[PDB]
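Participant: After the structure tokens below, expect a handful of questions from me.
Every number in this text was worked out from the coordinates using simple rules, so none of it is lab data. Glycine gets a Cβ as well: all are built from the backbone with ideal geometry, and neighbour counts include every protein chain shown.
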Amino acid sequence: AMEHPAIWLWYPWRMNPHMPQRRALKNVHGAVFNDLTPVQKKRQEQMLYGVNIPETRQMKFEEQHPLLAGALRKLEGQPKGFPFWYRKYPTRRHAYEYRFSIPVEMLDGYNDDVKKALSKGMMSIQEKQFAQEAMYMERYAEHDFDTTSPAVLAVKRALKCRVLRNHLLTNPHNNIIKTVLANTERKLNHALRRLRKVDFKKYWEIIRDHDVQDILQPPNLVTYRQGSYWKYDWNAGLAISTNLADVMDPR
Amino acid sequence: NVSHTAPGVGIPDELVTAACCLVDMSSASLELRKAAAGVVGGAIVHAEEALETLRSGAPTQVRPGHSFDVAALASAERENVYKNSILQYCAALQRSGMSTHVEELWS
Amino acid sequence: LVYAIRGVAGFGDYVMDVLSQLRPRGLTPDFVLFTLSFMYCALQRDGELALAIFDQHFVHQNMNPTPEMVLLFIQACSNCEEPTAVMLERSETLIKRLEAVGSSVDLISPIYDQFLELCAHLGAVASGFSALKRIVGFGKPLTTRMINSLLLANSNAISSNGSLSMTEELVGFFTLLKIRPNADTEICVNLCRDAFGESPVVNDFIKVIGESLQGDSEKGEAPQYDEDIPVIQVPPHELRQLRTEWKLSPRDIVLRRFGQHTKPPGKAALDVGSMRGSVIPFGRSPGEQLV
Amino acid sequence: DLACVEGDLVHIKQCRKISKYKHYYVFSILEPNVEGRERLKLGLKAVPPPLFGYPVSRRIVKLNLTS
Amino acid sequence: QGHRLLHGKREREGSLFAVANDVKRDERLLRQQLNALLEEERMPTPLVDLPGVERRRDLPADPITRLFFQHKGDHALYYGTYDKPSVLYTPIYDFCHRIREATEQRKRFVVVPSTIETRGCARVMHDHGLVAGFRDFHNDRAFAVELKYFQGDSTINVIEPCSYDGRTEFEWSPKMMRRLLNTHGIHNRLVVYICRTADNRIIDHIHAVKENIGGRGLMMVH
Amino acid sequence: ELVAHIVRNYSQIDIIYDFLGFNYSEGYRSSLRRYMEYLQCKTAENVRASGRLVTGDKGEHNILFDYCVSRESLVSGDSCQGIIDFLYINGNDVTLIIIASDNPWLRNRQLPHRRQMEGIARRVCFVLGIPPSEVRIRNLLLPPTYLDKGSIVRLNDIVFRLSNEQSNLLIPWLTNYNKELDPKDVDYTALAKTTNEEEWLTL
Amino acid sequence: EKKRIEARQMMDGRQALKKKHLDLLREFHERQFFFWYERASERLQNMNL
Amino acid sequence: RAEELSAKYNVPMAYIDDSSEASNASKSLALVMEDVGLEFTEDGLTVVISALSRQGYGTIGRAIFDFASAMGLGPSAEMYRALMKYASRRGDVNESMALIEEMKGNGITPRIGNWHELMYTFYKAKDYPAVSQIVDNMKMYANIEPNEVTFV
Amino acid sequence: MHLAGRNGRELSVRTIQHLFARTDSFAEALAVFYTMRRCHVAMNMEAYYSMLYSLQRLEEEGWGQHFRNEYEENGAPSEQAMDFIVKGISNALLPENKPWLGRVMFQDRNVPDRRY
Amino acid sequence: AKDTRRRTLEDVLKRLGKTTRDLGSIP
């Protein structure tokens, strides 16, 4: 409302020289998705929603192929507006009912054919395996963006071993899948053997629920006779893991 | 025994809620009501000192994770669990002449 | 066992003993058994049994609660006779623990409706009014039962909270948002009229309710009361089991069926019998220059 | 009292001759095998037995499967 | 209430594990950018580019060195620009190998991986005059050694680790330190033999004889 | 005889006993609350005390609120900025009296933010009806296991607005109180220097 | 004992910093979900034809 | 209205004339600095403070620095260098280290000129290996490559 | 708003911050929230966070009028009124006990604070 | 010491804020 005071001198070199926030956001988006290996970027695309889309809203495939990725028609009709239901779905493991992790609230005005084409029956093999992964991630995660818990990592290794065994059943002459299964079973043994020590209740629940009781067994008697099977608990740092007051009476 | 152990602050809750039924009945002998009034007044002053030591020990039971009303409701329940006992004991003494007897026992 | 005694009263100590029988038998309780026990607690509306199960059987499991489990817990705590604020605290911690993890089913609105009913039966006005922001943040619409629960919480608040402006704000929640009043609304506003004051806008809303509920009865409609949120009584073989199948056999893993080949390490034997040289610090010739 | 289960990290101490090959005793159980005790509560063995072990001869023990 | 046990250095340092399913993914850059997002410019004051310590007691006792450090609460972590170099067995072995292969190529800076026994050996080599200086020395992952040259050739002639095969380590007695001080019948202050004491102090062979101690031998350099 | 004379003459010997760091069981927090209540009863002179709330009834705001005990309130491994012990409203001034913890990783979490202090001052403006033109809120940090002479002098200067002479008139044992800060705790002294030399935050 | 105590306190401080950075990552993944919602709604508008 | 005028349009407070005592003081200071050849900017006041500091006058140059920093012209590292020139010429180590800690506390990273004046302060106070210590710590910790004046 | 949701234009952050600044009570702001939810209007993620912060500040001033309504008649605050001063609203999107929940979202790295 | 204060029931009821008519009508 008041008039501004008069500026009595000025130099253009004062005008010669939020941007750290933009640089930090770009470095965060690079370290989250862009600075990864392709096998990590695939799992990041599986888990998180918009890690492919940058701040500029143009994909790496869109900038080289604009006619194939971009929309061909621009229709003035039914703008959906802001999603007020976005709190229920922070990750794509929260919505595995429909295809492409599309929530139920996104399909409101479409007909039954679009809803049927995105149903559970139309999902791919990778989408069904991710739904099976998300079924256990709903059960054993600490928070919503958690994927590295030992109960989650053990069931991920076991689902991977199931997929590799089902591939070796119909095609036993695939020699790469033999080595990948032999490595994934050892990694599953490591994950379950650390889960047995750090959280025994979830380990016992996983053992009871899936009808695998002898999945932790010593292979050889001669190595078991010298205590090398139980030396795994000392060598991995798991010997003092069980709380004695909650299991037995330590007196 | 409670009139013997009136400085003996360890007192079971059974002996007062059983003697309140002795106060409530009218066909009983009048000599039992003197000791019933004594144990009722002992429980009344025990509830009073329990309220005073609950109000003195305020900031040990407060949790900062709650809101301003949940801790208030918890403190209100902890005080009402002693206030309703006094409201029951004085209502039991209202239907008899022993409420005058504890006046002379206290003075 | 827990599903058999579901519609039979008096077996609460048997439920408390069955949950203690798993530890000598080698079993550990899962989420299905906890949902069935809380289904028993919600159907018998005892409330103290659900708190006794939660305090010394469910906290030590350190597991994630399903929305059906939280729904049955708040249905047990709200519909019970004489609820306590400890049940409000356990329901708030269970709601925050459910919101800290994910879910696939949509039970946000019945859980918050039963939470508002528990705040009605406890008189917590600020706890139910601060829970409206959680219904706002999830995008769920307000219904007549939630504002009726807020009015019933304002009725039982006389020691704790509530004033003459709180019932005016709850009247405005019915007035301008969308929500049509109910035949249970005229009981709640009449209960909130007692021991609070005149409030002529509340009397105007009571007169508006008395005209509208007379008009819909002149048209011939039934008096609509607040419907009760139903208790899920599905058998445990259909209870959203969070497992598909693992057909793994450890005999085929140990005996290496399907030709499971582990690549050996490269010259990582590290034995003592093959070594035939004396080991000196810095080697025998430490600094050798190729000229 | 038969409390040692296969899988326990135990602390043993020297003592007198108890048997022909027993001159030690379990002084303390520093870490109990919880999974072994829970498997013994289930009526199973504490440790599932290994499928490999010592052979019976240098000759290749072929398993005979015939009618 | 039962709580989950933190197992390993990644869970004990509180790793986020933002990358899906991978526990061995590097985390320092994303955490450094999130910590730079955490700080704010307070108006009625921000931090400087000098290194920081998380506690006030962690400041150096030298008053001149304390000018180069400041106190940052949780922004003192994840400092550094260089990362862990790759492509051996021991960090001392890699630290000797990279300096030996970069002194032949006449380079100015060698990025060596920063461990506890590596930067102490580097400090001892800088004290004796074999190293001209350092870059990013407060980085706990890798730091650059600025090499010293004089009239065309390198100052460091021979630099060899004590574990010559990369596996077998050695424990030097004080008798071994007195042997290394008087070797081949002369008095040896020329060839620098470095050890690590039981107090985790990286000490050359002269100061080890001076206070009559030994240690685990790391490397030699002359 | 000596303990009887100490009990008879020195009526606040438990307060001096806890303030010097001798009490290892419960600390000096309850003695601090009794000391502040005693110093409020001799300055406001019309005092009501209900549980953990002490109020003067003069119309001028003289309020002491015992919020919580920050030793058990500080959950190790939690992200919650700002947990105070006492809240003193003296006229227009607001003081957040905090006893520091023995964990140096928790002292940076114990002090509230500037936005949190502005919110507390705005809540004071809402509840007490005091206009936000003259409203000042200031943090106060106290040593964990004891209470030195400078902390008590600053507590009398800032919270109760007492100089040295009137505090010596009200409290006789304050002149011979010679407790100082321990030299081996340098990070607390740095934090208390950066906290106690700060201007009053005006809303 | 003083060294072991300060090691445990350092671990607790690391856990608190982990929680703060997890909240920041939650907000970042929320804005990435908003970008995904814009693109997915724009594609479903074309799928409706 | 000048306090939000300085915040909206990125103008320093000394450049806005609202008929004040501070505005008249800045006008007299700029009128004097025009006579000696300077411009009343960030770089002119560095020359003013350094030319006062080389002739004694520590409190006078510090008062001019405080009036400049209060009136919008920000306390850059070179103005701190011109402040440290007084302690370097006098040879007072503690004042130079206090100015280093003061410019660190105000959120200004010390550039190579501040470490050069600290080295000259330790040189003028006859502490000669401290110069090599500052050079070593500037290469190690400050990550500043040395100029030719550093070698000098 | 039904016309704005049909044309498909985004409401800016400055518009919605000025929209909820003209709202007096907490009950009127829920009417604006459920109107724009029903009309399906679009906005930015900052426009949603600045809206819920206005819903947080409108409930806080509503209890401040309530706790001063009982203070003027009783002459002294209660323990619940002093607990409202320290704690405030528990369930909130951007609470004051964790002042870092608006740094990634807002470009200004600061929650906008409105005054009356 | 307040030894001249009344030790009847009525001061206890007024500390709790209840009259005898409320206690006759409560159960």
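Participant: Measuring from centroid to centroid over Cα atoms, what is the spacing of the stretch E:169-213 and the stretch F:147-203 in Å?
Facilitator: Value for the Cα centre distance between the two parts: 53 Å.
Participant: At E:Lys24 and A:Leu9, where each label point lies 7 Å from the Cα along Cα→Cβ, what is the point-to-point distance in nanometres?
Facilitator: Going by the 7 Å Cα→Cβ label model, 6.5 nm.
Participant: Averaging over every viewing direction, what projected area does the convex hull of the Cα atoms of chain A cover, in nm²?
Facilitator: The number I arrive at for chain A is 29.6 nm².
Participant: Continuing with the same structure: Which order do C:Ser127, I:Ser54, A:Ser228, D:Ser28 fall in if you start with the one that has the fewest other Cβ atoms within 10 Å? Spell out each step's value before the answer.
Facilitator: Details: C:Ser127 29, I:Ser54 21, A:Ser228 13, D:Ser28 10.
Fewest-to-most Cβ neighbours within 10 Å comes out as D:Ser28, A:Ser228, I:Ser54, C:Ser127.
Participant: Oh, and also: Using R₀ = 51 Å, calculate the FRET efficiency as 1/(1 + (r/R₀)^6) where r is the Cβ-Cβ separation of B:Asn1 and F:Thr145; round to 0.05. Let's see the in-between values first.
Facilitator: On the way: r = 47 Å, r/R0 = 0.92.
For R0 = 51 Å, the calculated efficiency reads 0.60.
Participant: Compute the longest continuous run of chain C that contains no exposed GluC sites (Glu not before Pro); treat a site as exposed when its DSSP state is not H, G, I, E or B and it has at most 11 other Cβ atoms within 10 Å.
Facilitator: Result for the longest clean stretch: C:82-197.
Participant: Given the stretch H:1-107, report the % of alpha carbon pairs whose separation exceeds 24 Å. Could the numbers behind the result be given before it?
Facilitator: Working: 1484 of 5671 pairs.
Counting pairs separated by more than 24 Å, the tail of P(r) holds 26 percent.
Participant: Whole number please: convex hull volume per residue of the Cα set in chain B, in Å³?
Facilitator: That works out to 118 Å³ per residue.
Participant: Given Cα positions, please report Rg to Rh for the stretch H:4-52, the hydrodynamic radius being the Kirkwood one.
Facilitator: On the way: Rg = 11.9 Å, Rh = 11.7 Å.
Reported Rg/Rh, Kirkwood definition of Rh: 1.02.
Participant: What ranking of C:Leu98, E:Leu34 emerges when the number of other C-beta atoms within 10 Å of each C-beta is taken as an exposure proxy, fewest first? Each step should come with its number before you reach the end.
Facilitator: Numbers: C:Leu98 20, E:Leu34 26.
So the ranking, lowest neighbour count to highest, is C:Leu98, E:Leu34.
Participant: Just the number, please: Stokes-Einstein D of chain D in µm²/s, Kirkwood Rh from C-alpha pairs, 20 °C, 1.002 mPa s.
Facilitator: It comes out at roughly 137 µm²/s.
Participant: Taking a virtual spin label 7 Å from the Cα of C:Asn62 along the C-beta vector, which residues in the stretch E:4-29 bring their backbone nitrogen under 17 Å of it?
Facilitator: E:4-15
Participant: Sticking with this one: Label 7 Å along Cα→Cβ of F:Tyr17; the stretch F:28-52 residues with amide nitrogen under 18 Å?
Facilitator: From the stretch F:28-52, the list is F:28-36.
Participant: Let me ask another. Note down the magnitude of the dipole of chain D about its Cα centre, charges +1 on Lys and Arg C-beta and -1 on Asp and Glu C-beta and zero elsewhere, to the nearest 20 debye.
Facilitator: Numbers: 12 positive and 6 negative charges, 111 e Å.
My answer is approximately 540 debye.
Participant: Now for a separate question. Can you compute the radius of gyration and Dmax for the stretch F:44-165, using only the Cα atoms, both in Å?
Facilitator: Reported Rg and Dmax, both Å: 15.0, 45.
Participant: Moving on to the next point. Normalised radius of gyration for the stretch C:156-272, please: alpha carbon Rg relative to 2.2 N^0.38 Å, two decimal places. Each step should come with its number before you reach the end.
Facilitator: On the way: Rg = 33.5 Å, N = 117, 2.2 N^0.38 = 13.4 Å.
Ratio of Rg to 2.2 N^0.38 Å for the stretch C:156-272: 2.49.
Participant: Helix-derived [θ] at 222 nm for chain A: sum -39500 (n - 2.57) over DSSP H runs of at least 4, divide by residue count, nearest 500? Display every interim value, and only then the final one.
Facilitator: Values: 11 runs with 116 residues, N = 251.
Helix-only estimate at 222 nm: -14000 deg cm²/dmol.
Participant: Further, regarding this structure: Report the GluC sites (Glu not before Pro) located in chain G that are in a DSSP loop and have at most 16 other Cβ atoms inside 10 Å of their Cβ, or state none. Each step should come with its number before you reach the end.
Facilitator: Values: sites: G:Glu1, G:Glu6, G:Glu27, G:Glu30, G:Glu38, G:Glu42; in loops: G:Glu1.
Passing sites in chain G are G:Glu1.
Participant: Roughly what would the spin-label model give for G:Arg4 and H:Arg62, points 7 Å off Cα along C-beta, in nm?
Facilitator: Going from the G:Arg4 label point to the H:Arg62 one covers 5.1 nm.
Participant: Highest GNM mean-square fluctuation, chain F, Cα pairs closer than 10 Å: which of F:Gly82, F:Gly27, F:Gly51?
Facilitator: Answer for the Gaussian network model of chain F: F:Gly51.
Participant: A further question follows. With r as the distance between the Cβ atoms of F:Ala190 and H:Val32 and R0 = 35 Å, compute the FRET efficiency 1/(1 + (r/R0)^6) and round to 0.05. Display every interim value, and only then the final one.
Facilitator: Values: r = 42 Å, r/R0 = 1.20.
The computed FRET efficiency comes out at 0.25.
Participant: For A:128-136, what's the mean count of beta carbons from other chains sitting within 10 Å of each residue's beta carbon? Don't skip to the answer; put the middle values down first.
Facilitator: Values: counts 1, 0, 0, 2, 3, 1, 3, 6, 3.
The mean count of partner-chain Cβ atoms within 10 Å per residue comes to 2.
Participant: Something else now. What distance in nm separates the simple spin-label points at E:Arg106 and D:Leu9, each placed 7 Å from Cα in the Cβ direction?
Facilitator: 5.8 nm
Participant: For the stretch I:1-82, which trypsin sites (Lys or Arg not before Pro) pass both filters: DSSP loop (anything but H, G, I, E, B) and at most 11 other C-beta atoms within 10 Å?
Facilitator: Working: sites: I:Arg6, I:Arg9, I:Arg14, I:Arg22, I:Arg37, I:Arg38, I:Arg57, I:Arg68; in loops: I:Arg9, I:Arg22.
Within the stretch I:1-82, the qualifying trypsin sites (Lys or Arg not before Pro) (loop, at most 11 other Cβ atoms within 10 Å) are I:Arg22.
Participant: For the stretch F:100-203, restrict the atom set to alpha-carbon positions and state the Rg and Dmax in Å.
Facilitator: When restricted to Cα atoms, the stretch F:100-203 yields Rg and Dmax of 15.9, 45 Å.
Participant: Using only Cα atoms, what is the ratio of the radius of gyration of the protein assembly as shown to 2.2 N^0.38 Å? Let's see the in-between values first.
Facilitator: On the way: Rg = 38.0 Å, N = 1485, 2.2 N^0.38 = 35.3 Å.
Rg over 2.2 N^0.38 Å, computed on Cα atoms: 1.08.
Participant: Now a separate question. Anyone know which of C:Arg25, C:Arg45, C:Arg256 comes out most mobile in the 10 Å Cα GNM of chain C?
Facilitator: The residue with the greatest mean-square fluctuation here is C:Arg256.
Participant: A further question follows. When the helix-only estimate is applied to chain C (DSSP H runs of n ≥ 4, each -39,500 (n - 2.57), divided by the residue count), what is the mean residue ellipticity at 222 nm, nearest 500 deg cm²/dmol? Kindly include the intermediate steps, with their values, before the conclusion.
Facilitator: Values: 13 runs with 140 residues, N = 291.
-14500 deg cm²/dmol, from helical runs alone.
Participant: For chain C, max minus min Cα coordinate along each principal axis, in Å, sorted largest first?
Facilitator: 107, 59, 37
Participant: Enumerate the residues in the stretch C:256-291 having an amide nitrogen under 18 Å from the point lying 7 Å beyond the Cα of A:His173 toward its Cβ.
Facilitator: C:258-260
Participant: Let me ask something else. If you consider only alpha-carbon coordinates, what radius of gyration and Dmax does chain G have, in Å?
Facilitator: 21.3, 72
Participant: Would you be so kind as to identify which of F:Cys68, F:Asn103, F:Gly21 lies farthest towards the positive end of the dipole of chain F, taking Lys and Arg as +1 and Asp and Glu as -1 on Cβ and the Cα centre as origin?
Facilitator: Most positive-ward Cα: F:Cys68.
Participant: For E:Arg216 and E:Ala61, FRET efficiency with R0 = 30 Å and r from the beta-carbon atoms, rounded to 0.05?
Facilitator: Values: r = 26 Å, r/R0 = 0.87.
Once rounded, the FRET efficiency stands at 0.70.
Participant: So what is Rg over Rh here for the stretch E:1-82, counting just Cα atoms and using Kirkwood for Rh? It would help to have the intermediate numbers written out before the result.
Facilitator: Details: Rg = 16.1 Å, Rh = 15.3 Å.
On the Cα set of the stretch E:1-82, Rg over Rh gives 1.05.
Participant: Next up: Over all pairs of distinct alpha carbons, what does the Kirkwood formula give as the hydrodynamic radius of the stretch A:112-228, in Å? Let's see the in-between values first.
Facilitator: Details: mean 1/r = 0.0611 Å⁻¹.
After inverting the pairwise mean of 1/r, the radius is 16.4 Å.
Participant: With the dipole of the stretch C:236-288 worked out from charges on the C-beta (+1 for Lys and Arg, -1 for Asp and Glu) around the Cα centre, which of C:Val279, C:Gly259, C:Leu242 lies farthest toward the positive end?
Facilitator: With unit charges placed on the Cβ atoms, the residue in question is C:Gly259.
Participant: Can you put B:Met98, G:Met11 in order of Cβ neighbours within 10 angstrom, beginning with the fewest?
Facilitator: Ranking B:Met98, G:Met11 by Cβ neighbours within 10 Å, fewest first, gives G:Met11, B:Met98.
Participant: Quick check on the stretch E:64-199: what are the equivalent-ellipsoid semi-axes from the Cα gyration tensor, as sqrt(5λ), descending, whole Å?
Facilitator: Details: eigenvalues 143, 73, 56 Å².
Equivalent-ellipsoid dimensions as semi-axes: 27, 19, 17 Å.
Participant: Stick to Cα atoms and the Kirkwood definition of Rh, then tell me Rg/Rh for chain I.
Facilitator: Working: Rg = 16.6 Å, Rh = 15.9 Å.
Rg/Rh for chain I comes to 1.04.
Participant: Calculated from DSSP H runs of 4 or more alone, at -39500 (n - 2.57) each and per residue, what is the 222 nm mean residue ellipticity of chain E, nearest 500?
Facilitator: Numbers: 6 runs with 54 residues, N = 222.
Helix contribution divided over all residues of chain E: -7000 deg cm²/dmol.
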